[PDB]
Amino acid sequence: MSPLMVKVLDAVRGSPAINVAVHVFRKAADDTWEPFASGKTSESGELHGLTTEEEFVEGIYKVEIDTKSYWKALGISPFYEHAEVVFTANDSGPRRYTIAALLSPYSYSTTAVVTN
């Protein structure tokens, strides 16, 4: 249902990154970042149900992944604490966006898979 999905992996332990906090913001008319959607990744490392086609309108979006809470519960104090990426949602473009991310204490990688 959700045209925005987030999937997070762990490069140190070779696993889905479970219980990772993900926050999505949408740029408002005044150019502030408005809270749009948020959630936590499941046991699969996937975060479903973030939003819907009705709510996910055209706009500039920021996807933030908080790595601090995640690493600490696994006994790690990371260097990279959060990572954020910004993109524009455009109705002419294909309709499902998957933001994949890979976490390590000193490294962050993300790739967008845009389908349909």
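Numbers follow the displayed sequence, beginning with 1.
Relative to its counterpart among 12-20 and 90-98, 90-98 has the higher mean temperature factor, C-alpha atoms as listed in the PDB entry.
Averaged over Cα atoms, the B-factor as recorded in the entry is higher for 24-32 than for the other of 24-32 and 59-67.
Taking the deposited Cα B-factors for 38, 41, 52, 77, the highest one is held by 52. In the PDB entry, a CA B factor belonging to the lowest third of its chain's modelled residues is recorded for residue 112. The PDB entry assigns residue 5 a C-alpha temperature factor belonging to the middle third of its chain's modelled residues.
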